[PDB]
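Undergrad:
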Amino acid sequence: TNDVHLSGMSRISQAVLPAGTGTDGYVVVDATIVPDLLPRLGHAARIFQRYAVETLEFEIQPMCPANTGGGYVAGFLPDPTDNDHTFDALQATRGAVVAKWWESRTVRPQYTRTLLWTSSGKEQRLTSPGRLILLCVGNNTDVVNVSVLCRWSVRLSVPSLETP
Amino acid sequence: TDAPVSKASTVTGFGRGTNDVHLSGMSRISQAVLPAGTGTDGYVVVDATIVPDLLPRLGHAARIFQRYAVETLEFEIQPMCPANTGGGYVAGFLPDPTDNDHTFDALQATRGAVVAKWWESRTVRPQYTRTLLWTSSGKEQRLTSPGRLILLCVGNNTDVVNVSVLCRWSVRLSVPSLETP
Amino acid sequence: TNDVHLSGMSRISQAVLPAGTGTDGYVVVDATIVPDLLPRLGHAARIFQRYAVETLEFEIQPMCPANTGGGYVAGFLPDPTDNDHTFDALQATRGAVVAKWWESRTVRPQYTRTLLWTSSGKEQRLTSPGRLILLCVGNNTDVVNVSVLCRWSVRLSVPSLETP
Amino acid sequence: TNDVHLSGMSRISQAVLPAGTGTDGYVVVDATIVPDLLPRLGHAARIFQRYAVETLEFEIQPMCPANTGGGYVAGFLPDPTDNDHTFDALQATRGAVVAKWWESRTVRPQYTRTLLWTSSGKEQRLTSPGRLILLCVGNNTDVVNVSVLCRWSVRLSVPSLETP
Amino acid sequence: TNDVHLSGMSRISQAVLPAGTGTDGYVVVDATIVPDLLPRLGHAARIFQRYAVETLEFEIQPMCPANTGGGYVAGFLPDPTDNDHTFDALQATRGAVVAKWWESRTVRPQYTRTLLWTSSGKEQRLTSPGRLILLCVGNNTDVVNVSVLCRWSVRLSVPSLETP
Amino acid sequence: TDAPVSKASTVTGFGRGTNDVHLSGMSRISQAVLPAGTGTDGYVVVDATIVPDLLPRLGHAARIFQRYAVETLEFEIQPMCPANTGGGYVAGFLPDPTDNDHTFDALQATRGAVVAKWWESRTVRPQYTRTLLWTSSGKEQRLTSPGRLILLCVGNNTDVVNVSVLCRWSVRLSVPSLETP
Ligand SMILES: [Ca+2]
Ligand SMILES: [Ca+2]
Ligand SMILES: [Ca+2]
Ligand SMILES: [Ca+2]
Ligand SMILES: [Ca+2]
Ligand SMILES: [Ca+2]
Numbered sequence: 052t053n054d055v056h057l058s059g060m061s062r063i064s065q066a067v068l069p070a071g072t073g074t075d076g077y078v079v080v081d082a083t084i085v086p087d088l089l090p091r092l093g094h095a096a097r098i099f100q101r102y103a104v105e106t107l108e109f110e111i112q113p114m115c116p117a118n119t120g121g122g123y124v125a126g127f128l129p130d131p132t133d134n135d136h137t138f139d140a141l142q143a144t145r146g147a148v149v150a151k152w153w154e155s156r157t158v159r160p161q162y163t164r165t166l167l168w169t170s171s172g173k174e175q176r177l178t179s180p181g182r183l184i185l186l187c188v189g190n191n192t193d194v195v196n197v198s199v200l201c202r203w204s205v206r207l208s209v210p211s212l213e214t215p
Numbered sequence: 035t036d037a038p039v040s041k042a043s044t045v046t047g048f049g050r051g052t053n054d055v056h057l058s059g060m061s062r063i064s065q066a067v068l069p070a071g072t073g074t075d076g077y078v079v080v081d082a083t084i085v086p087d088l089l090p091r092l093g094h095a096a097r098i099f100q101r102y103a104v105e106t107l108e109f110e111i112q113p114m115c116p117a118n119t120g121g122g123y124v125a126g127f128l129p130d131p132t133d134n135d136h137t138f139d140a141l142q143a144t145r146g147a148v149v150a151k152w153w154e155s156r157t158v159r160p161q162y163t164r165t166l167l168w169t170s171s172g173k174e175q176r177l178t179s180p181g182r183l184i185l186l187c188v189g190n191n192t193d194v195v196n197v198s199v200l201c202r203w204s205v206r207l208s209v210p211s212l213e214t215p
Numbered sequence: 052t053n054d055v056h057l058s059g060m061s062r063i064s065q066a067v068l069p070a071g072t073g074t075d076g077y078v079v080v081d082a083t084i085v086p087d088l089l090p091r092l093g094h095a096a097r098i099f100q101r102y103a104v105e106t107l108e109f110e111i112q113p114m115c116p117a118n119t120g121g122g123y124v125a126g127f128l129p130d131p132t133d134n135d136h137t138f139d140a141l142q143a144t145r146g147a148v149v150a151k152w153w154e155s156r157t158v159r160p161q162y163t164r165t166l167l168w169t170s171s172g173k174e175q176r177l178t179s180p181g182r183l184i185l186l187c188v189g190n191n192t193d194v195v196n197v198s199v200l201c202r203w204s205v206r207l208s209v210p211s212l213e214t215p
Numbered sequence: 052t053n054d055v056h057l058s059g060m061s062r063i064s065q066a067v068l069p070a071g072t073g074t075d076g077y078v079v080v081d082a083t084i085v086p087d088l089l090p091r092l093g094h095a096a097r098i099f100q101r102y103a104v105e106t107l108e109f110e111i112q113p114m115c116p117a118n119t120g121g122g123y124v125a126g127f128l129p130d131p132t133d134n135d136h137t138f139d140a141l142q143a144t145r146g147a148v149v150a151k152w153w154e155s156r157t158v159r160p161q162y163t164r165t166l167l168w169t170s171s172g173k174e175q176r177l178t179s180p181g182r183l184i185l186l187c188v189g190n191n192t193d194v195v196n197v198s199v200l201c202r203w204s205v206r207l208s209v210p211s212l213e214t215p
Numbered sequence: 052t053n054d055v056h057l058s059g060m061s062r063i064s065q066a067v068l069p070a071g072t073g074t075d076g077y078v079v080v081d082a083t084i085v086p087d088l089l090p091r092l093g094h095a096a097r098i099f100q101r102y103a104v105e106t107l108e109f110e111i112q113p114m115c116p117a118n119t120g121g122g123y124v125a126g127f128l129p130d131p132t133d134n135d136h137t138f139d140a141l142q143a144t145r146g147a148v149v150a151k152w153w154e155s156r157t158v159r160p161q162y163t164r165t166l167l168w169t170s171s172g173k174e175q176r177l178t179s180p181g182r183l184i185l186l187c188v189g190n191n192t193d194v195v196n197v198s199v200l201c202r203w204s205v206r207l208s209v210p211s212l213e214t215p
Numbered sequence: 035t036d037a038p039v040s041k042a043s044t045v046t047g048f049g050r051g052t053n054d055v056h057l058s059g060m061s062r063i064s065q066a067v068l069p070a071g072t073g074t075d076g077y078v079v080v081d082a083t084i085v086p087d088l089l090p091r092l093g094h095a096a097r098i099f100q101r102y103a104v105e106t107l108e109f110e111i112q113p114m115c116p117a118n119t120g121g122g123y124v125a126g127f128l129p130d131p132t133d134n135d136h137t138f139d140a141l142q143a144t145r146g147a148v149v150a151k152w153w154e155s156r157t158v159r160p161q162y163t164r165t166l167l168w169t170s171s172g173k174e175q176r177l178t179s180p181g182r183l184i185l186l187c188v189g190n191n192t193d194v195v196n197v198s199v200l201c202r203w204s205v206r207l208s209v210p211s212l213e214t215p
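Chains as they are written, first to last, in the deposited numbering: chain B, 52 to 215; chain C, 35 to 215; chain A, 52 to 215; chain A', 52 to 215; chain B', 52 to 215; chain C', 35 to 215. A prime marks a further copy of an entry chain.
#1: Tell me, please, whether the CB atom of B':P215 is closer than 8 Å to any CB atom in chain A'?
#2: Between the stretch 177–196 of chain A' and the stretch 74–91 of chain A', can you find at least three pairs of beta-carbon atoms closer than 8 Å?
#3: Shortest alpha-carbon distance to C:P160 belongs to which of C:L141, C:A117, C:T74?
#4: Look at B':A103 and B':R164 and say whether their C-beta atoms are less than 8 Å apart.
#5: Secondary structure at B:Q161, three-state DSSP: helix, strand or coil?
#6: At 7 Å on the CB atoms, spell out the chain C' contacts of B':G120, in chain order.
#7: Whole-angstrom Cβ separation of A:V209 and A:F109, contact assumed at under 8 Å?
#8: Per DSSP, A:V85 is paired with what?
#9: Got a sec: is the Cβ-Cβ distance from C':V194 to anything in chain B' below 8 Å?
#10: Going by DSSP, which residues form a beta bridge with A':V194?
#11: Find out if the Cβ-Cβ distance for the pair A:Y123, A:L185 is shorter than 8 Å.
#12: Assign A:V149 to one of two classes, buried (16 or more other C-beta atoms within 10 Å of its C-beta) or exposed (fewer than that).
#13: Going by the C-beta, is B':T178 closer than 7 Å to any heavy atom of ligand 2?
#14: When DSSP labels each residue in this structure, what does A:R91 get in the three-state scheme?
#15: What does C:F138 touch in chain B if you count any residue whose Cβ is under 7 Å from its own?
#16: List, in chain order, every chain C residue whose beta-carbon is nearer than 8 Å to that of B':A143.
#17: Strictly by DSSP, which residues pair up with B':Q65?
#18: Against chain A, which members of the stretch 166–190 of chain C pass a CB distance test of less than 8 Å?
#19: Quick one: give me the first and last residue of the beta strand (DSSP E) that C':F48 is part of.
#20: Any idea if A':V78 is buried or exposed, counting beta-carbon neighbours within 10 angstroms, 16 or more meaning buried?
#21: Note down, in chain order, all residues in the stretch 79–99 of chain C' with a beta-carbon under 7 Å from any beta-carbon belonging to chain B'.
#22: Does the beta carbon of A:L200 come closer than 8 Å to any beta carbon on chain B?
#23: Using a cut-off of 7 Å between C-beta atoms, extract the partners of C:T132 located in chain A.
#24: Comparing C-alpha positions only, which one of A:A70, A:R156, A:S170 sits nearest to C:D130?
This is the structure in structure tokens:
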């Protein structure tokens with residue numbers, strides 16, 4: 052097995068939510084987790100055909116004053132095809148968190164460990180372990196700058212040279 | 035003992051100075067002030083190539099040695115600003131002194147990189163070579179420096195930010211000499 | 052571990068030699084082996100700081116009719132700084148080959164397995180294993196399309212995300 | 052110890068045979084194997100007094116179109132003093148080859164492993180393992196560029212610093 | 052490991068200091084120790100790419116009448132890049148000696164044992180173990196003829212054919 | 035953990051550098067040349083107040099410490115001249131840095147003083163305080179220097195004399211700081 056194990060942390064999302072626009076249910080972050088989204092895994096998948104997610108954790112690291120109001124709910128839907136973006140869908144899934152805008156949280160999700168495809172295809176279920184959604188809970192008072200990072204570990208296989 | 039034409043030199047301990055010195059300490063490698071609004075995303079707060087000259091006592095100690103090995107290297111991002119400050123920072127130690135890539139992804143790719151809010155302090159425990167480095171400068175700086183510490187803003191800072199970047203260093207100096215700049 | 056083992060085979064050089072211009076001693080190919088010269092290794096070194104060349108082979112694949120006169124001498128100088136481009140300098144290197152223009156051959160070079168640097172710098176000796184030089188021997192009668200391929204194997208360390 | 056083991060592969064001869072001049076029995080190559088004839092071994096014998104040939108092979112690499120008629124006979128006379136340049140004398144030697152002008156071959160000679168002298172002297176038998184003779188067989192139709200390569204391995208002894 | 056171990060003694064420097072010109076601090080000998088400086092190691096490095104210094108000792112053998120005045124200080128700076136040529140730099144280093152002009156001394160220096168490069172490059176620290184400096188201490192009275200010899204042992208690697 | 039108005043500082047190892055360093059070495063504290071006839075009796079060949087600045091590596095090490103104690107101090111008079119030279123020298127280490135008495139009797143009164151001919155080398159094993167001295171300079175130099183080494187001619191020198199005065203020093207440095215001239 053000429054399988055390359057690669058791991059690291061990288062920012063999957065950067066969002067700037069201005070004060071007053073963060074109504075309840077607003078989709079701050081919506082990211083289908085594909086290797087192209089990750090910076091280093093981007094090149095790793097550019098030089099490989101298939102990857103398997105061994106470790107996957109998300110870290111919501113919002114940077115805002117401690118006196119800000121409102122909060123966020125973050126969750127990882129294990130189905131890339133699912134398009135339901137609501138509090139109910141996030142609360143149903145496992146690993147989801149809800150916390151105030153100044154708090155930093157970790158989503159430990161339920162993801163498939165099968166061998167997925169680095170490139171895109173007709174079926175998203177063969178290419179991505181899922182998607183991550185970060186929604187507003189309430190109304191924010193200050194300008195929020197939220198960075199969603201991801202500790203990931205993957206196994207790569209089937210060498211190639213892909214294109215964006 | 036007869037009188038000779040010339041007597042042999044009696045200098046004995048010449049060229050026998052101390053070879054190894056372990057020197058430890060902690061010093062401020064950088065200090066930055068950011069007025070409100072300047073700290074846009076990607077702004078380079080701190081860019082410091084870790085060299086013996088950067089650390090004053092280590093600089094004076096390296097002026098009398100040829101080689102040094104970094105036994106221990108850790109950094110502290112200590113921002114002295116209130117908790118009402120918005121924005122954050124990313125800090126990381128690039129093990130390549132030559133690389134001048136100043137982005138969030140480049141820093142996050144390195145081991146030990148920290149992403150924090152401006153009212154949170156972090157410790158960077160980086161990856162550094164244990165090989166012998168040269169105290170004096172040369173053409174290639176990959177032989178003289180373990181790397182560079184980089185600190186960027188992640189978001190716009192609401193208030194003024196005072197950030198001090200500290201370093202705990204432990205080094206072993208070897209090959210005694212007398213260097214001059 | 053941080054160490055990942057990659058292997059592959061890619062074309063380091065593509066040259067076209069018109070009829071009659073291939074005089075003895077002419078330099079068909081002069082390629083400094085760097086990770087950017089190899090596509091998959093290009094991406095791999097873009098996501099790493101250090102690399103060590105475990106295995107290195109070259110394949111001279113000249114595409115010309117059997118009625119082509121002359122030949123080539125191919126070698127791998129294990130010194131990236133060395134600029135000698137004579138027959139004796141190539142032949143002194145281990146694994147150098149001499150062959151007719153219509154006869155593909157393989158170079159098995161000898162080099163020191165030291166941990167190199169993926170990104171460029173002041174000293175080229177810390178970043179490249181060496182150079183491949185391909186010279187003409189005699190005169191070619193036809194036009195020769197020469198593809199110089201490299202079968203490589205590397206060990207990568209110190210993860211990062213570099214830029215070209 | 053004083054004994055150092057060196058090996059290498061270098062071109063002992065480069066010859067050009069015009070069309071029609073390669074009559075049967077013509078002497079294309081007649082090279083007395085001496086350390087000066089081999090560059091790296093040239094320097095090695097310049098810094099030593101005695102050398103013993105542990106391994107010796109030759110590669111005839113004629114660079115001509117496939118439509119070339121005639122051929123060559125290549126052999127290694129293990130007597131530097133011998134001046135016989137006929138087909139039977141070469142064929143009697145161990146490892147002699149006969150091949151078409153467009154077919155590269157290898158000679159595996161037989162010789163006595165005696166400790167020789169790097170520097171020249173009155174008796175050539177104490178300084179050289181022998182000679183390589185390459186003769187024409189039949190008539191060549193095209194022009195043939197012949198490179199005679201030698202893969203050698205020596206043991207060197209009695210350090211000194213000689214002059215040419 | 053096809054590493055050739057070679058050793059011997061050879062004169063690195065020959066200096067003729069006339070009477071009255073040997074003022075204190077005068078640089079009698081300044082030699083960056085490279086294999087090209089050594090006679091036999093010159094050819095050895097001409098036929099090799101890399102070398103590692105296993106044993107290195109210098110022997111100051113000045114030839115002058117015993118009634119001459121003044122002396123010398125000799126020392127090996129382990130940094131080839133260092134350009135400080137004074138008594139202080141020599142006294143700081145280890146292995147340095149100071150003795151009268153009629154005395155013969157041995158400098159046993161502190162040198163790197165890493166694999167250095169026979170050829171020259173941008174960085175001198177990858178090509179030379181250091182430099183040797185021999186300075187005057189006082190004023191000489193007679194004409195001094197000082198020969199600096201070196202017992203050296205090296206390991207050579209990566210065959211090639213270099214140029215001066 | 036609730037959000038406070040301000041969080042406590044997390045700087046922990048501050049003000050915890052190394053306190054004691056033992057540094058040894060040997061250096062030329064003086065070098066003198068005497069043309070024929072100049073070295074009359076009582077001529078002061080060498081007058082060197084032993085201070086950390088006089089010893090280069092010790093000077094750089096004392097720039098990062100406050101106090102130093104001389105554990106070992108010995109001197110070598112090494113005159114590099116032939117045996118046909120007439121005259122001699124007297125060498126001695128005055129334990130008082132302030133005293134500027136330059137005579138044969140003053141030197142001979144001290145312990146360890148040596149009287150030799152110009153073609154003979156001597157070792158001065160002096161009497162020095164083991165108390166803590168100040169690395170930096172001050173009003174009173176009795177608190178910063180163990181003493182001064184003095185070297186005079188005893189008789190007229192017939193030939194030119196080259197004399198080098200060396201010192202083996204071992205010191206213990208304490209009270210870390212960062213001194214500036
Ligand atoms: Ca694909
Ligand atoms: Ca230096
Ligand atoms: Ca790099
Ligand atoms: Ca000879
Ligand atoms: Ca070279
Ligand atoms: Ca002070």
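In this text, a Cβ means the ideal position worked out from N, Cα and C, and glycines have one as well.
TA: Considering the structure as presented:
#1: Closer than 8 Å: no.
#2: The stretch 74–91 of chain A', when compared against the stretch 177–196 of chain A', does touch it at the 8 Å Cβ threshold.
#3: The candidate whose alpha carbon is nearest that of C:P160 is C:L141.
#4: Yes, they are a contact pair.
#5: In the displayed model, B:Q161 falls within coil according to three-state DSSP, outside both helix and strand.
#6: Near B':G120 (Cβ distances below 7 Å), the residues of chain C' are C115, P116.
#7: Wrong, their Cβ atoms sit about 27 Å apart, outside the cutoff.
#8: None; A:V85 has no bridge partner.
#9: By this cut-off, C':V194 is an interface position.
#10: DSSP output for A':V194 lists no bridge partner at all.
#11: Between A:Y123 and A:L185, the gap from beta carbon to beta carbon is short of 8 Å.
#12: With 16 or more other Cβ atoms within 10 Å, it is buried.
#13: For ligand 2, not one heavy atom lies less than 7 Å from the Cβ of B':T178.
#14: Three-state DSSP puts A:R91 in a helix.
#15: Those within 7 Å of C:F138 in chain B are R62.
#16: By Cβ distance, chain C contributes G51, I98, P210, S211, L212.
#17: The partner list for B':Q65 (beta bridge, DSSP) reads B':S198.
#18: Answer in chain order: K173, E174, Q175, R176.
#19: No residue range can be given for C':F48, since it is assigned to no beta strand (DSSP E) and is classified by DSSP as neither H nor E.
#20: Exposed is the call here.
#21: Taking 7 Å as the Cβ-Cβ cut-off, the stretch 79–99 of chain C' approaches chain B' at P90, given in chain order.
#22: Not one chain B Cβ lies under 8 Å of A:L200.
#23: Result: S170, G172.
#24: Looking at the Cα atoms, A:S170 is the closest of the given residues.
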